[PDB]
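Participant: Quick one, what's the 3D model for this:
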Amino acid sequence: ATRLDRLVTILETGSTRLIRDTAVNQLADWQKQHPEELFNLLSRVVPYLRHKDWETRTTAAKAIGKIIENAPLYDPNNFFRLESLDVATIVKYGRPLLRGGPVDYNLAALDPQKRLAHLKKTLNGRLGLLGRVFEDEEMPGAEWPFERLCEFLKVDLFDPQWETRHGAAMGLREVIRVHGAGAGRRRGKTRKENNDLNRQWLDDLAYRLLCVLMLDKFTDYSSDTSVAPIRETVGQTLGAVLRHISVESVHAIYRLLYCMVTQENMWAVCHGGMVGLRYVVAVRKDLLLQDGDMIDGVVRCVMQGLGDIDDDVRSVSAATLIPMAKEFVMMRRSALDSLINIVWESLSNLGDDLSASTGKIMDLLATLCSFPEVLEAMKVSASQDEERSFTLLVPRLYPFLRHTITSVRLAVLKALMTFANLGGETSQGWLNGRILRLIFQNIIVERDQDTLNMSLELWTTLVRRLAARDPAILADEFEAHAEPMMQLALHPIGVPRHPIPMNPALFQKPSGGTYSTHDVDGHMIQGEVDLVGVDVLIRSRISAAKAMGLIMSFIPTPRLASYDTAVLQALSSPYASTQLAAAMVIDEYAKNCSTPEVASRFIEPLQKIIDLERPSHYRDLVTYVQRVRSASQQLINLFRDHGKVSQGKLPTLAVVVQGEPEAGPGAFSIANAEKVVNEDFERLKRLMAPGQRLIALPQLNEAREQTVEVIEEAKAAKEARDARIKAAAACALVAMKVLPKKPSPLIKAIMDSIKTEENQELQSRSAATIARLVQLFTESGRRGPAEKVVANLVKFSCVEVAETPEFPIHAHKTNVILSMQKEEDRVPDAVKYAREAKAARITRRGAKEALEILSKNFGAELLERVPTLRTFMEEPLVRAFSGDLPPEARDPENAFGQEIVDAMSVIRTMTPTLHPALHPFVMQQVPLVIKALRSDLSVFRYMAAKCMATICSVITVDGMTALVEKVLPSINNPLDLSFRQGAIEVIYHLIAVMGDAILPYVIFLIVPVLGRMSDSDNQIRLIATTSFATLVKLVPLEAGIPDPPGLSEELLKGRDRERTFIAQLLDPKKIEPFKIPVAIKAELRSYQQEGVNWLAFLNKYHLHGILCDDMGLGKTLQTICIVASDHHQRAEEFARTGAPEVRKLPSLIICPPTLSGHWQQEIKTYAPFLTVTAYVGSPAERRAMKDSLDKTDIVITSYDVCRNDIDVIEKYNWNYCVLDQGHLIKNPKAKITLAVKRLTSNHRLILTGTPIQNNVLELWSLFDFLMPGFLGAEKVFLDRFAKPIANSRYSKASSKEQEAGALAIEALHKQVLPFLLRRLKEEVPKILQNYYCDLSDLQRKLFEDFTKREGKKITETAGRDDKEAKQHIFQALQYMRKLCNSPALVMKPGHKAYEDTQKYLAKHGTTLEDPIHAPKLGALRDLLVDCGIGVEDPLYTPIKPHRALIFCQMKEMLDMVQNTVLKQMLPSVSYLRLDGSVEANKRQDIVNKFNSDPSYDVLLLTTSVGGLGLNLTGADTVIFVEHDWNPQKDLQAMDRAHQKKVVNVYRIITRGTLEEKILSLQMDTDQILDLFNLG
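Facilitator: Numbers count the residues shown, from 1 in each chain. The protein structure is shown below:
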């Protein structure tokens, strides 16, 4: 179908959210550009409000919201009375609205308005306005635009089908939200007349809305989100009406809602009334706060609802009071004390498993407990009554600890925190072992990190407040729960596809019994490693050990005998997960003791783990070993079936594997499988015939390597467990200050974790340990092992090649910028190259954090306590950059080169976390790094730029001052290439390190960056252009940019040339006017001169952009202005300075071959002082001017002759280079695209009506011609922009991939926006215009042949005024006016020159119907592509801005226009044709489709049918191909067949013919005779 039908149908079948939301923005954009198509888009999304699917109704209601926002508000300068509403009659006599099964077919087939007129009679009865229950056998721009629509919605509010009532309520919500004020008004009345007419209409809707709250009994028990889907929604619609009605109408709605709550019960009427009151306080809280009578009644309603039996009534009641919980506490402290215990009463009846709706009750209690006033009034009631003591109330919060909503579980821990920080007299009846167990259970099973943090923070205060009383009391309350809680802290963790479930009987409910929108903690209690991340289970054992470690540090040691037996037993457990957790509990116990000697009884069991050998198997890794046996067996079974080997020679594998329970010492192990692939694969290969081996060995080698894959997979899995347990035991020893005599094995255990540990929390613990171990050694001599540890950390922070280059690999590179290589090289993908690179990133991550923690432990004493660090960072730079570079530093075999690289690698690794007292040491090294930026070796310049950028981001005062004073001023220097490459590179890495923090410092960066895009070195141009693109992306468009804090006041003074640039770049309306210095013959409009200001701004700062002005605004003139002015201005400065950058060079204008004459004509008209060469013609003609093109000011060239003669055109240098329809360059691989990019030009422009289509790669190719590096190379552009965009558009894409693809669209549009000048023709009388085209060779031949015969008699019959003489002259003019359109109109069989013409067409090898002989056909496709109509899915393609009418006089011409232009040339255009041949009945059909479906681009028709009174509205442009002798007969048929917008009228006229002469003349004999002369 059409675009609009396919675009709307996506609302139903949008597979992802991104695909559905993209369709609603297309419809919203379609309304924004074509505001008159409002009721064509709405009449297709409104039917989707009755859809049987929930999301389709939601999406369709969303589109109505977006489409209506793009409609102008309506200011024109049978109703219901809200007061006369009786609650008793409607509830009693009304129609209960239920889930609707019945469908009455007799009504369904009625006229859509007769169906509506019938439902408006039945409505008064169904509402109960009669004294009886109504039964359906009694009855078997002048005004508001949406008033006809709202009748269908207000009537469908009571349809038996609950799906229809759902969509009708959402539709009314979106219409009244944007357009609520104008409803009801009618043109022809004063403000006071339709202000109350609006009040009556809004009261009429509120009347109907309250009825739905009373009558709707529908309830969906399936989902826990919404219980009353219609009452929840129709109350949301009531909120949109409240923000538009008077204060008196609100107080009337308030009383009617008050009767529904305090019914003077019934669940539905009480709930629906509360829902309405919920939005009254959330929308009109201002009006509610003066009238104290409303404040009392709305609070009386909440309190009754808060004590109601049903849970859903208490939820909406609590959600009503939250927005004014602060406001109600202050104003009425008398009612404050009664509100507290009623809220507390609501939580008392609840069990442990709470519905998702009950979460709003907790939100109400949490906001009340955040006020000190409420906390005091509770203590007064606690000292007075026993039933309000904290022992009976607080445990009512425990069922909320494991609530389904994530935000509720955090609000409870924050609330329970408030009670622990309240009093000692107050909070001890509830603070016991019962709450300690629930919190410890919360630590094991909580998945959210913020909630797990508060659980540990509450566990600390709960333990410390209870240990302050007596350490024996704390140990008694927890002794009853200590035994099972230990089994959960030491519980093993499984492998993906091998979950180790926890015993659910070890979890006590708040009810007291054990476990034996639900299943909140079952995924983790089951231990699903795939469903919940492997790192989430690990950080739940870490949190367990940290909790269990703190509680043990307070219990007296003699009563910890049961705890030690559990952990000593766990150190020898067959589960590696348990041994790791066991050693971590000992660690956190020794950390929290006052002295480390208290825990010194664990020294011997832990030193066993370090010194003894590790077990060769673990029970948690049994799945890996079982997987190894399968591969080993299939490898052997293949040695039997595929290769013919006897069963007796085959080895036998054990059926049970090691680590399994009840596994003998002869079970299957990894060592057995290593013997199968290493020694039995060889032994069994000797037992094959040399003929059998040749056929079977292919598939055997494949089976062998698949086995080794799993073998090395299991061995790596076990060695990871050996390192985890050894490192955890060593860290606990370091906590007990265990400094061995021979510390090599202790240090190795901690180091092996820092090298290889995928998990960050386990690695960060080992980094913090090795940082304290360095401090413990330097605090007691032992500088031997202390300086070897720090030296390894420094070595490990340089292994990631992405951060620290390998010097011998790049040692030979000079005059190269490695920053460009690093990104143009990572776009390599091999499994064993990405695994080794992953190990390097892990090793650096650990070592970097160890030095970070080391720098914070020693503070400002880091360089005095650890003097080896100062040597690594300072010594190599002093040797190499104090004076001349030693020749040793250039050799890749010498280690000196890498020592210099590592030195600067450590500086940027530790500068951020360095104590501010060590910044002078870094500043001492700055003169050495600047010396490296100037170096000739590129790898030194690369690291110097990364290092300096980091230093400037930390020491923002002196670091920036050094860069602006010592580096930036010498980017101009044309003698030292190496310093320029280094200085632009430190700018590149400065923007990358700081990010959007670079904003205040962009002042100092902008001029060196801009000027470097105009540099002789190609690499500096590219990296400066990429830098400039990142700046445009990172600026705040709407806000200003502050000044650099703390810098010199004299640095910011002389930099005002750089502030006017940034101001003009953000806002294009602040561009300085440009007085054209050449004598141009033109009246420049407000926008034309404004557009020339934009082109001069680009020329001034060496920028390039696209001129996207809509057709008619005159893009050709604005370009001739700027190129004539530029040639003049650079003719003056070349006379002043003679610099090569302003030498005389010709400009180049590339256009489609049809527009070659159009440019040549308008330069002749507006700028007659510019000499023009037209390098277009036959290959023979082009070769004369081929060698002489620089001898003029402008050179015009077609895209076709630019490919064949590119070797000629690139031999020249060009000033300007304009592309008249530049979208032909969008193909990056096209030959025309590559030829245009081989040109050396100074200033570039692109002229298009459409800048981009659906693809983003089209946009890259255009911007790659303008500013080469602006979007990067093609491969780096396909990565950051094209890959995520294409992935989010996948039918089944991830929710992360959707936002990754949406952030890229938004970022790509921001980089390219300041370089596209897109001014609409309409927003900021119909315009006639002439489109000129040139005659063809055949037309000139046929005109000359006519005047040779007929021209003799034309002189006779010209001024006769005779009878048949005026008939001969007229039909002689008809022959010419037909020939001006197409030669095929006049060259028909029977003509005297037919046989001669066919010879001419044959000698040149063409046909008569060839479109090149009728230039009006070619001029029509160019006029259509300049209006965005024709281009060379409805979803991703943009909305076309115009629709056209195309008029012709003859039916034969329309066939050419149809079969040639719209079928061969522009096949993507949707069109309809209208002839007098078509039936007068069928022609009315397609005229309707043109006004009902706005996706018809063009309507072809002849001027005969246009005068038939048919009226069209969607037309925006009108084109005339053929013309009548009376030029107003064309004006009649146009207006007769046709306002808000402006209409563009185009006359296609061949220059030099009678068309240019007839249309000019507004008859004398000699003036008639001149119609037969060309020119």
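Participant: who does whichever strand or helix holds residue 820 touch, helix- and strand-wise?
Facilitator: Using DSSP states H and E, residue 820 sits within helix 818-823. Packing contacts for helix 818-823, counted by 3 or more Cβ pairs under 8 Å, 6 or more residues apart in numbering; DSSP states H and E, involve helix 938-954, helix 977-994, helix 1018-1034. Where you see a C-beta, it was placed from the backbone N, CA and C, and this is true even at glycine.
Participant: and the second one, how far from the chain's centre?
Facilitator: For helix 977-994, the distance from its own C-alpha centre to the chain's C-alpha centre is 29 Å (Cα atoms, centre = their mean, to the nearest Å).
Participant: packing partners for it?
Facilitator: helix 818-823, helix 919-933, helix 938-954, helix 1002-1012, helix 1018-1034.
Participant: coming back round to it: tell me which other helices or strands the helix or strand that comes right after the helix holding residue 820 touches.
Facilitator: Of the helices and strands lying after helix 818-823 in sequence (DSSP H and E), the nearest is helix 831-858. Secondary-structure packing of helix 831-858 (3+ Cβ pairs under 8 Å, 6+ apart): helix 744-755, helix 760-778, helix 783-796, helix 862-865, helix 896-910.
Participant: got JSON lines for those, with mean neighbour count too?
Facilitator: Formatted as JSON lines, the helices and strands packed on helix 831-858 follow (neighbours: other Cβ atoms under 10 Å):
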{"stretch": "helix 744-755", "mean neighbour count": "20"}
{"stretch": "helix 760-778", "mean neighbour count": "20"}
{"stretch": "helix 783-796", "mean neighbour count": "18"}
{"stretch": "helix 862-865", "mean neighbour count": "18"}
{"stretch": "helix 896-910", "mean neighbour count": "23"}
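Participant: okay, those in CSV with distance to residue 548 next?
Facilitator: As requested, these are exported to CSV (distance: least, Cβ to Cβ, whole Å):
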stretch, distance to residue 548
helix 744-755, 22
helix 760-778, 16
helix 783-796, 30
helix 862-865, 34
helix 896-910, 35
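Participant: if we can go back for a sec, what does the helix holding residue 820 rub up against?
Facilitator: For helix 818-823, the surrounding residues in contact (Cβ atoms under 8 Å, 6 or more residues apart in numbering) are 802, 805, 810, 938-939, 941-942, 945, 985, 988-989, 1019, 1022-1023, 1272, 1276.
Participant: Just the buried ones from those residues, in PyMOL syntax?
Facilitator: Remark: buried members of these, expressed as a PyMOL selection using 16 or more other Cβ atoms under 10 Å:
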select buried, resi 805+810+938+939+941+942+945+985+988+989+1019+1022+1023+1272+1276
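Participant: hmm, which two among the contacts of helix 818-823 are most spread apart?
Facilitator: Greatest spatial distance in the contacts of helix 818-823: 939 and 1272, 22.3 Å, computed using Cβ to Cβ.
Participant: closest to residue 80 out of the helices and strands packed on helix 831-858?
Facilitator: Residue 80 sits nearest to helix 760-778 of all the helices and strands packed on helix 831-858, at 64.3 Å, using Cβ to Cβ.
Participant: Deepest in the core, which of the helices and strands packed on helix 818-823 is it.
Facilitator: Sort those by mean neighbour count, taking mean count of other Cβ atoms under 10 Å, and helix 938-954 sits at the top with a mean of 26.
Participant: by contact count, what packs against that helix?
Facilitator: Helix 938-954 sits against helix 807-810, helix 818-823, helix 896-910, helix 919-933, helix 958-966, helix 977-994, with contacts defined as 3+ Cβ pairs under 8 Å, 6+ apart.
Participant: Output those helices as JSON lines; include the columns distance to residue 545.
Facilitator: Listed next are those as JSON lines, based on distance: least, Cβ to Cβ, whole Å:
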{"stretch": "helix 807-810", "distance to residue 545": "43"}
{"stretch": "helix 818-823", "distance to residue 545": "41"}
{"stretch": "helix 896-910", "distance to residue 545": "30"}
{"stretch": "helix 919-933", "distance to residue 545": "38"}
{"stretch": "helix 958-966", "distance to residue 545": "42"}
{"stretch": "helix 977-994", "distance to residue 545": "37"}
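Participant: who wins for proximity to residue 1254 among those helices?
Facilitator: From those, taking Cβ to Cβ, the stretch that ends up closest is helix 818-823, at 26.9 Å.
Participant: How much space separates residue 1464 from residue 31?
Facilitator: Going from residue 1464 to residue 31 by Cβ to Cβ, to the nearest Å gives 33 Å.
Participant: Perfect, that will be all.
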